[PDB]
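A.B. asks:
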Amino acid sequence: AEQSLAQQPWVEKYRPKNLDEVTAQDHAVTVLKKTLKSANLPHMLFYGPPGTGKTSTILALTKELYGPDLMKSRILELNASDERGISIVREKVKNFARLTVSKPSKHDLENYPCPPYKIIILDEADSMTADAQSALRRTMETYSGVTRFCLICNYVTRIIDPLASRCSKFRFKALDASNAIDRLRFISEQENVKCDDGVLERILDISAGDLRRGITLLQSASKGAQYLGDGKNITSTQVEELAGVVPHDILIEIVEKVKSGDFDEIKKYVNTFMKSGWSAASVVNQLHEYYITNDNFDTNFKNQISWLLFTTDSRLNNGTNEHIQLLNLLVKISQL
Amino acid sequence: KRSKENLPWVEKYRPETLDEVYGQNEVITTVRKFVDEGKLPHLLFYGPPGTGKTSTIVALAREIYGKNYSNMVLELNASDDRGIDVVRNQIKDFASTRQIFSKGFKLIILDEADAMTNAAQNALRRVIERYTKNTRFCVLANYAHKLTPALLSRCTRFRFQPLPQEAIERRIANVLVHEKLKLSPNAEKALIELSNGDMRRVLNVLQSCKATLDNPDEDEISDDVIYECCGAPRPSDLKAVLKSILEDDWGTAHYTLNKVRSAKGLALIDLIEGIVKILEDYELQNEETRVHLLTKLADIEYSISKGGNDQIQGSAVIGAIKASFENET
Amino acid sequence: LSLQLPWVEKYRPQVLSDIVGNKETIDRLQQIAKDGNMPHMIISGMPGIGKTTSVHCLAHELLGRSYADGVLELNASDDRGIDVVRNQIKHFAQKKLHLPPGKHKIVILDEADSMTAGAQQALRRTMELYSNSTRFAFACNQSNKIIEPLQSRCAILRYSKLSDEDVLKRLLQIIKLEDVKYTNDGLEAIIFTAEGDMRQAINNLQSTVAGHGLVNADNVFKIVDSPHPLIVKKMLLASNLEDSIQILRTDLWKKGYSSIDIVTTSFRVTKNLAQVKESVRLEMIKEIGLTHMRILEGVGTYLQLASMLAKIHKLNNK
Amino acid sequence: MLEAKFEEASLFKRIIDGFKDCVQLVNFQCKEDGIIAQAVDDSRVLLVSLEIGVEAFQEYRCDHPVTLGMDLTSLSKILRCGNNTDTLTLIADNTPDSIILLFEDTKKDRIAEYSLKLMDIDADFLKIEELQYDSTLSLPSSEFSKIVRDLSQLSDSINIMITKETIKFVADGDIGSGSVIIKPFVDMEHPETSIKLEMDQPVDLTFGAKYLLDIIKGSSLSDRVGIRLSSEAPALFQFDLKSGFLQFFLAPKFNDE
Amino acid sequence: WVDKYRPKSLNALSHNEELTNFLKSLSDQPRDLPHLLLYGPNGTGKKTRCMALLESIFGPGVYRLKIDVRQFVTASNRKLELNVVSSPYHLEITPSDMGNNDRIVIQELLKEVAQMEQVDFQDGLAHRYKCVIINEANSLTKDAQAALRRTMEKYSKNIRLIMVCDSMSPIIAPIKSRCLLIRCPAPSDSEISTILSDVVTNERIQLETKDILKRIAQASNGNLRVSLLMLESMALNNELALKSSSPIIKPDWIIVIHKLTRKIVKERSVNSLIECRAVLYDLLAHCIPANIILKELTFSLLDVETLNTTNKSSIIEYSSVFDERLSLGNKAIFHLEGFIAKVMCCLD
Ligand SMILES: Nc1ncnc2c1ncn2[C@@H]1O[C@H](COP(=O)(O)OP(=O)(O)OP(O)(O)=S)[C@@H](O)[C@H]1O
Ligand SMILES: Nc1ncnc2c1ncn2[C@@H]1O[C@H](COP(=O)(O)OP(=O)(O)OP(O)(O)=S)[C@@H](O)[C@H]1O
Ligand SMILES: Nc1ncnc2c1ncn2[C@@H]1O[C@H](COP(=O)(O)OP(=O)(O)OP(O)(O)=S)[C@@H](O)[C@H]1O
Ligand SMILES: Nc1ncnc2c1ncn2[C@@H]1O[C@H](COP(=O)(O)OP(=O)(O)O)[C@@H](O)[C@H]1O
Ligand SMILES: [Mg+2]
Ligand SMILES: [Mg+2]
Ligand SMILES: [Mg+2]
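For the record, the sequence lines run as chains D, C, B, F and E.
Start counting the first sequence at 18; every next residue gets the next number (the entry's author numbering).
Start counting the second sequence at 7; every next residue gets the next number (the entry's author numbering).
Start counting the third sequence at 5; every next residue gets the next number (the entry's author numbering).
Start counting the fourth sequence at 1; every next residue gets the next number (the entry's author numbering).
Residues 4 to 125, 129 to 354 in the entry's author numbering are what the fifth sequence lists, from first letter to last.
#1: Whose C-beta lies closer than 6 Å to the C-beta of residue 200 of chain D among residues of the same chain, with five residues either side of it excluded?
#2: Using DSSP bridges, identify the partner residues of residue 142 of chain B.
#3: At the level of alpha carbons, what is the spacing between residue 7 of chain C and residue 66 of chain D?
#4: Beta carbon of residue 69 of chain F, beta carbon of residue 121 of chain F: below 9 Å?
#5: Would you check if there are 3 or more beta carbon pairs closer than 8 Å linking the stretch 232-244 of chain B to the stretch 267-277 of chain B?
#6: According to DSSP, is residue 38 of chain F helix, strand or coil?
#7: Looking at the secondary structure, which residues open and close the alpha helix (DSSP H) in which residue 328 of chain C lies?
#8: Just checking: is the beta-carbon of residue 162 of chain D within a distance shorter than 9 Å of some beta-carbon in chain C?
#9: Which same chain residues end up closer than 8 Å to residue 190 of chain B when comparing Cβ atoms and leaving out the 5 residues on each side of it in sequence?
#10: Which of helix, strand or coil does DSSP assign to residue 312 of chain E?
#11: Taking 8 Å as the line, does the beta carbon of residue 6 of chain E fall inside it for any heavy atom of ligand 4?
#12: Beta-carbon distances below 7 Å to any heavy atom of ligand 5 define the shell here; list its residues in chain order, please.
#13: Quick check on residue 299 of chain C: buried or exposed, where buried means 16 or more other Cβ atoms within 10 Å of its Cβ?
#14: Helix, strand or coil for residue 228 of chain B? Go by DSSP, reduced to three states.
#15: Taking only the alpha-carbon atoms, compute the straight-line gap between residue 130 of chain F and residue 229 of chain F and give it to the nearest angstrom.
#16: What does residue 18 of chain B touch in chain F if you count any residue whose Cβ is under 8 Å from its own?
#17: Check whether the Cβ atoms of residue 269 of chain D and residue 286 of chain D sit closer than 9 Å, and answer yes or no.
#18: What residues of chain D sit near residue 303 of chain B, judged by a beta carbon separation below 7 Å?
#19: With a threshold of 9 Å between beta-carbons, can residue 305 of chain D be considered close to chain C, or not?
#20: Tell me whether residue 143 of chain B, by its Cβ, gets closer than 8 Å to a heavy atom of ligand 7.
#21: Could you work out which residues of chain F lie near residue 58 of chain D, taking near to mean beta carbons separated by less than 9 Å?
#22: Check each candidate in E/211, E/107, E/146 and name the one with the smallest Cα separation from residue 82 of chain E.
#23: Closer than 8 Å by C-beta to residue 125 of chain D: which residues in its own chain qualify, once you throw out the five before and the five after it? Chain order, please.
#24: Taking a contact to mean a Cβ-Cβ separation below 9 Å, would you say residue 102 of chain F touches residue 116 of chain F in this structure?
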């Protein structure tokens with residue numbers, strides 16, 4: 018129990034258990050909490066960037082609705098490991114939806130408000146085929162009195178159009194250093210991490226639109242600090258060194274090579290840079306940040322460099338070779 | 007325990023009869039005259055998602071036979087198997103025998119028949135017309151290209167136009183009658199423009215803004231509550247961002263974009279659509295501007311559909327807008 | 005509770021003379037029926053021109069009262085695998101029946117394009133051997149899907165689309181038999197939206213007649229929804245991008261048409277666009293296919309169709 | 001509450017085996033009179049209706065009328081994993097929940113308690129068998145089974161014609177035809193072999209062969225099948241049990257001619 | 004030799020001391036080690052460092068491995084077989100073996116090892135988590151990646167996922183986020199030269215000076231394994247005597263790609279394109295990844311000095327385009343021939 022929750026990473030150690038610990042999306046948790054007193058829970062469709070709280074808030078809503086006793090008998094969960102095909106979604110999901118709700122015990126009925134319906138959660142619905150989602154339509158429509166569906170996804174476009182109308186949409190906003198710093202402060206205080214004044218802001222800015230990455234980053238930084246045993250604080254450089262963030266000096270060197278240089282010099286420096294392990298996505302992001310936030314260039318350069326960086330990012334997002342794409346980006350940005 | 011008030015607003019307000027189906031007047035009238043005269047040919051409903059097709063056909067099945075429609079009426083939705091081995095045995099046996107309860111024509115409702123294999127439709131092509139004086143087929147669909155031309159020709163085509171403003175307004179008034187609630191006129195206009203014809207999104211965001219009132223009996227749903235429930239960008243800051251992108255320089259435009267998209271937690275996918283809808287009204291005095299303005303924005307939207315980055319795509323939108331608004335000068 | 009038959013079925017011709025299709029082939033079938041020496045024939049054409057009804061009236065006139073035991077019709081609903089074509093078709097081929105002198109047993113294999121190649125292979129000799137008693141008659145929609153030997157043994161009989169004159173003649177016959185008030189404009193609109201389809205024309209006639217009583221242009225253009233491919237063909241040939249975009253917005257998008265259907269219809273229209281050249285057609289098809297691929301991944305908003313139209317205009321203008 | 005203790009174990013197994021592969025989802029209504037049930041086929045052509053009174057049960061206790069919906073596949077799975085020598089008890093709580101099937105041996109203590117989660121079937125309880133039938137007849141199950149499974153090899157349709165003291169089963173197919181004509185006669189030495197017929201009007205109507213082959217599977221329960229026929233009415237095939245009866249309502253196939 | 008001289012602990016890693024200190028930091032509290040993802044250049048020493056951390060957290064008996072065979076079945080009758088490198092403390096999988104059936108292998112084996120636990124004697131069952139090593143995670147299919155990402159948090163007290171891969175880009179954002187990211191930089195020349203010096207003083211090879219090891223390190227581009235292998239091949243061919251004048255032994259495919267680049271830059275015609283297609287067929291047919299062929303061809307083309315700036319720029323642009331197209335197709339020759347035709351049209 019407590020020793021079990023102690024023996025797991027900070028991601029699972031501080032996973033919110035109720036609707037009050039999820040301090041990121043006040044627009045959706047309000048409806049989910051108002052649903053408690055009422056009984057008209059519509060078919061939900063949580064969608065948003067990775068690591069935001071969807072899978073962690075649906076479980077909290079379930080725990081608060083039914084309780085630890087009825088939860089294991091009143092919900093079905095199809096996330097990714099089960100075989101979610103047309104035959105399975107036609108047989109098993111339909112059988113569980115067209116099924117009588119279980120009898121709530123006196124303890125559960127007295128403590129938690131038990132609504133007269135079960136819950137089928139299809140986690141990461143963007144991995145299902147089109148025929149499975151098409152079959153889900155009337156299955157979720159006709160048995161709406163004893164079963165409510167909750168879909169979760171990172172891309173709403175992948176879900177077919179009919180399911181985008183049946184379910185009520187809930188967009189989970191990204192987590193920057195503005196509305197998510199409180200949870201990180203609370204975790205750092207609960208773990209006695211000797212953080213600096215503004216290192217949490219840098220941690221949250223590194224994990225653009227994500228919190229779990231920031232949590233594991235803080236955990237790794239605290240572990241590396243405790244290993245040395247010096248007890249000193251952790252600097253922004255200390256956390257950005259292990260976060261994949263490329264140092265600023267070598268970035269300035271890259272920009273200096275771009276500002277003037279032939280094809281051979283840039284190719285040699287790109288090879289030497291790729292000799293070390295640097296994620297091309299982070300390098301592209303930092304180059305974009307440095308070039309856009311600057312004011313020393315002209316608009317006729319800014320528009321072209323923005324388009325080129327966008328094209329390079331779209332190329333890198335398809336899982337291609339980092340070296341070739343980075344070299345092409347640097348050559349094309351030097352051509353201007 | 008179980009009652010009518012526990013159902014979500016998507017299904018709680020399902021039209022029971024044909025009289026509670028607004029918007030598609032020119033089809034409901036023809037269907038009522040069909041069932042009144044006594045003749046009812048093979049129907050084929052074709053419309054966008056959430057228009058009233060299934061509700062209309064269920065109300066028709068209730069009106070024809072009685073309050074017990076799912077007794078002598080067969081219904082093959084996408085939840086049942088509809089292979090060729092099914093259209094061979096089940097549908098043919100249902101269409102080759104009489105009813106069990108009364109003496110009338112039988113009804114077969116093939117809901118969402120666009121999800122049928124070509125062989126199944128080719129097999130149905132002859133059984134749909136071999137037994138005509140006893141059974142009638144009703145094919146509901148959203149994509150009119152999945153159906154073979156033969157099956158598409160045998161059925162009378164009825165298109166379900168998207169709900170106009172008046173129909174959604176009447177439905178909103180009827181919902182506000184049964185549920186103690188008040189809704190602002192500008193909020194009504196924003197909800198209509200956000201509906202995009204979808205009658206389900208209307209009821210969904212309505213339930214949301216009702217839940218986000220903390221006392222859904224006195225306070226009225228203003229436009230801010232509706233814009234917050236779905237997270238859609240208000241026209242105000244949308245036009246402000248568009249003006250700052252068109253007029254100001256790069257640094258301050260990027261700053262105001264990052265400030266607007268972080269004040270309420272907006273999404274770039276919605277900002278792109280809003281800017282496109284606002285900017286489609288401009289009178290560009292050249293054709294080369296709109297070409298790039300659409301091409302680059304569509305490419306950026308397709309790239310967002312894969313979730314590559316979040317700020318590079320925003321600066322890409324800014325650059326596309328600025329570079330497209332340059333051939334004018 | 006009695007349900008009247010539809011106008012498509014209640015007025016289905018039961019006599020070979022009432023067919024208003026291709027005059028030459030119908031006259032050939034009429035002379036064959038009056039003579040009786042009917043050879044194997046394949047009937048193929050556009051969907052809804054009267055092939056099945058033609059062959060059925062032919063069989064009814066050739067066998068008369070023996071139609072109950074002389075004809076064995078196998079449709080797509082019935083099984084048409086190798087087992088049935090080897091057992092039941094063969095047992096019906098050798099079935100000794102005493103028919104009038106100049107008559108023969110007939111086998112109506114409707115929808116021949118859906119049968120497996122092995123079935124036709126097994127059917128070749130079963131048809132060729134017993135030509136003295138069995139005369140097969142295929143009726144499909146795509147003659148290319150039939151294997152070569154089966155198609156070559158029989159005498160082919162192509163069918164062309166119904167001209168507007170034949171459709172208007174049959175429409176006038178139906179109105180005269182049903183006592184309906186009509187105007188010329190309504191009938192012209194019905195023929196124009198019928199795209200040469202007898203069944204679709206009669207269905208739209210019955211719909212508008214029961215819906216408004218008076219067959220006028222307003223009623224049909226109100227509840228018939230003038231065909232899709234023509235609007236798309238008009239959209240792709242606009243002069244400036246703004247006109248084509250306005251057409252797409254008002255006629256296609258606002259009227260509730262899915263983006264995938266618009267893309268598929270635009271592809272099919274460009275496939276048969278004889279006005280423009282070949283290279284421009286290939287480039288337009290490539291761009292339409294790129295837009296189709298973008299649509300199939302889920303993103304199907306109006307912006308994608310707008311960018312597709314912009315690319316087509318950039319291609320056609322330069 | 002609901003407690004129904006049978007006298008034996010294989011009774012319910014043989015009862016369910018009548019319509020095992022004919023219907024999928026049933027709904028038993030338990031009242032003070034006994035267990036009733038009616039279920040429609042997948043194609044909505046025939047309906048199985050079973051009534052078992054309190055005579056076949058060793059013990060019966062039901063306070064208020066309860067409805068219990070369930071699929072037949074899982075029910076047959078539960079009945080198969082029970083030994084045919086135990087005693088079966090159906091148990092239901094106050095509110096309709098997972099029904100408890102309990103097998104208890106009579107010699108050694110073996111408590112086999114299986115649960116079956118109920119389905120939520122719409123309670124569209126149907127009221128048939130109040131319609132005056134034109135013709136009624138009764139004949140041994142073996143003869144009916146033989147005739148039907150002999151005629152099923154020639155076609156897929158079977159025409160039953162009840163004329164003046166004549167019953168005629170006619171099969172017409174592709175390879176040939178067949179006609180079995182029987183006449184009413186009663187024997188004193190063997191009262192079970194007699195075929196009884198009471199008609200008011202001659203009735204000719206067709207049925208399918210698959211549904212008849214699925215119906216005649218219930219011949220393992222009784223030995224005297226009753227057949228009630230009427231124009232514009234579902235044919236009634238009744239098997240008489242020692243406590244209740246199992247009746248199939250088949251829909252006749254109309255003729256285009 | 005490659006396999007002989009390899010560190011077997013954390014106190015024996017002799018390059019990238021910062022990464023070794025970070026690994027020692029991650030090896031202090033084993034019961035709180037999250038999932039790991041190693042990324043960096045090929046042949047950097049990722050698997051050896053992984054198995055060294057695994058030995059540091061577990062006992063020293065983790066190196067004794069054994070190969071087992073597991074047979075799975077898809078929806079159809081097609082039975083597939085996989086090899087598993089198991090040890091009393093972990094198991095290593097290479098899911099890239101199956102073409103498009105990785106989603107079955109992951110969701111079956113990971114679930115099977117996650118549900119139950121490990122029992123072995125070396129106080130009968132109480133043990134810590136079990137470790138699963140995944141080699142070439144960058145080649146995982148997207149659906150298999152989703153299954154693997156979901157089978158991470160559900161059962162976290164039993165399975166710790168330590169994946170390794172070069173060119174981390176084909177990894178979906180959820181997997182990139184829910185695990186720690188450790189970079190493995192290639193060792194510098196001053197350290198790979200020391201590695202070679204230790205190898206040559208241990209294996210007793212006759213070398214004249216230290217310039218040979220420097221040339222080997224410069225030729226290997228930073229790859230430690232390829233440098234060691236080339237050193238061993240040079241020692242074998244030179245008959246136990248390394249001299250200052252020795253031809254660097256490039257692998258056969260490198261020489262084939264160099265001859266291909268020569269043929270490209272010399273004759274720009276379709277007749278040469280036919281022989282180019284023949285060479286690409288002969289190369290792909292002998293188990294060579296098409297992306298590696300493309301990378302080597304493009305870099306050797308940029309190495310050519312007789313081409314000006316615009317030619318090399320358009321070449322690198324076409325290479326980026328066809329590399330994007332290569333990761334979205336199956337017939338690789340269809341893209342390689344197109345890239346060759348494009349570079350031929352570009353050169354003249
Ligand atoms: N809104 C939040 N409030 C508090 N903690 C959060 C929140 N979102 C994420 N976390 C933390 O990050 C962990 C991961 O959150 P999850 O909800 O499981 O991730 P996710 O939303 O499922 O992203 P996916 O699975 O890639 S779509 C949680 O266990 C928390 O420790
Ligand atoms: N014309 C309408 N008038 C009133 N309410 C409507 C109308 N159309 C839809 N609705 C509402 O939307 C709900 C669902 O409508 P349906 O007719 O089931 O959607 P649909 O036509 O089946 O489209 P699909 O199946 O999702 S593609 C109904 O229960 C109503 O609450
Ligand atoms: N030439 C015609 N004259 C009169 N009615 C016709 C004619 N052609 C078709 N019809 C009508 O169309 C219906 C019968 O058409 P079919 O024979 O089913 O068409 P088809 O040639 O079989 O093409 P398919 O099978 O639908 S792809 C009846 O309602 C006829 O009245
Ligand atoms: N610290 C080190 N000291 C000596 N040799 C090393 C060291 N690190 C790596 N190596 C060499 O690397 C080789 C193994 O490379 P490997 O780990 O298989 O590459 P990859 O990480 O691409 O799988 C071994 O032969 C070993 O000699
Ligand atoms: Mg999740
Ligand atoms: Mg529907
Ligand atoms: Mg036909």
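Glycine residues also receive a C-beta, built at the ideal position from the N, C-alpha and C atoms.
C.D. replies: So, from the listed chains and residues:
#1: What you label residue 200 of chain D is simply residue 183 of the first sequence in a count that begins at 1. Excluding residues within five positions, the ones whose Cβ falls inside 6 Å are 40.
#2: For this step, residue 142 of chain B is matched to residue 138 along the third sequence. Looking at the DSSP assignment, residue 142 of chain B forms a beta bridge with B/46, B/113.
#3: If you number the second sequence from 1, residue 7 of chain C lands on position 1. If you number the first sequence from 1, residue 66 of chain D lands on position 49. The straight-line gap from Cα to Cα measures roughly 38 Å.
#4: One-based indexing of the fourth sequence puts residue 69 of chain F at position 69. One-based indexing of the fourth sequence puts residue 121 of chain F at position 121. Yes.
#5: yes
#6: Position 38 of the fourth sequence, counting from 1, holds the residue named residue 38 of chain F. Looking at residue 38 of chain F - three-state DSSP - the assignment turns out to be strand.
#7: The residue labelled residue 328 of chain C in the question sits at position 322 within the second sequence. Where residue 328 of chain C is concerned, the enclosing alpha helix (DSSP H) stretches over 318-330.
#8: Walking along the first sequence from the start, residue 162 of chain D turns up at place 145. For residue 162 of chain D, the answer is yes, since a Cβ of chain C falls inside 9 Å of its Cβ.
#9: Reading the third sequence from its first residue, position 186 is the one you call residue 190 of chain B. Same-chain partners within the cutoff: 212, 218, 219, 220, 221, 223, 224.
#10: Position 306 of the fifth sequence, counted from the first residue, corresponds to residue 312 of chain E. Three-state result, residue 312 of chain E: coil.
#11: Translated into the one-based positions of the fifth sequence, residue 6 of chain E becomes position 3. Residue 6 of chain E Cβ: within cutoff of ligand 4.
#12: D/71, D/72, D/140, D/141, D/169
#13: Along the second sequence, one-based indexing puts residue 299 of chain C at 293. With 16 or more Cβ atoms within 10 Å of its Cβ, residue 299 of chain C is classed as buried.
#14: The count along the third sequence starts at 1 and reaches residue 228 of chain B at position 224. Residue 228 of chain B falls in the coil class under three-state DSSP.
#15: On the fourth sequence, residue 130 of chain F is found 130 positions in, with the first residue counted as 1. On the fourth sequence, residue 229 of chain F is found 229 positions in, with the first residue counted as 1. Approximately 13 Å, taken between the alpha carbons.
#16: For this step, residue 18 of chain B is matched to residue 14 along the third sequence. Ordered by position in chain F, no residue passes the 8 Å Cβ test against residue 18 of chain B, which lies about 14 Å from the chain.
#17: Reading the first sequence from its first residue, position 252 is the one you call residue 269 of chain D. Reading the first sequence from its first residue, position 269 is the one you call residue 286 of chain D. Not in contact: residue 269 of chain D and residue 286 of chain D (Cβ atoms no closer than 9 Å).
#18: The residue given as residue 303 of chain B occupies position 299 in the third sequence. By Cβ distance, chain D contributes 174.
#19: Stepping through the first sequence from its first residue, residue 305 of chain D is reached at position 288. Yes - at least one Cβ of chain C is within 9 Å of the one on residue 305 of chain D.
#20: Stepping through the third sequence from its first residue, residue 143 of chain B is reached at position 139. Distances between the C-beta of residue 143 of chain B and the heavy atoms of ligand 7 include at least one below 8 Å.
#21: Within the first sequence, residue 58 of chain D is the residue found at index 41, counting from 1. Those do not exist, as residue 58 of chain D stays about 18 Å from chain F at its closest Cβ, beyond 9 Å.
#22: Stepping through the fifth sequence from its first residue, residue 82 of chain E is reached at position 79. Selected option, being the one with the closest Cα: E/107.
#23: As a working note, residue 125 of chain D is residue 108 in the first sequence. Closer than 8 Å at the Cβ level, and outside the excluded window around residue 125 of chain D, lie 83, 84, 86, 87, 131.
#24: Counting from 1 along the fourth sequence, the entry for residue 102 of chain F is found at position 102. Counting from 1 along the fourth sequence, the entry for residue 116 of chain F is found at position 116. Not a contact, by the Cβ cut-off of 9 Å.
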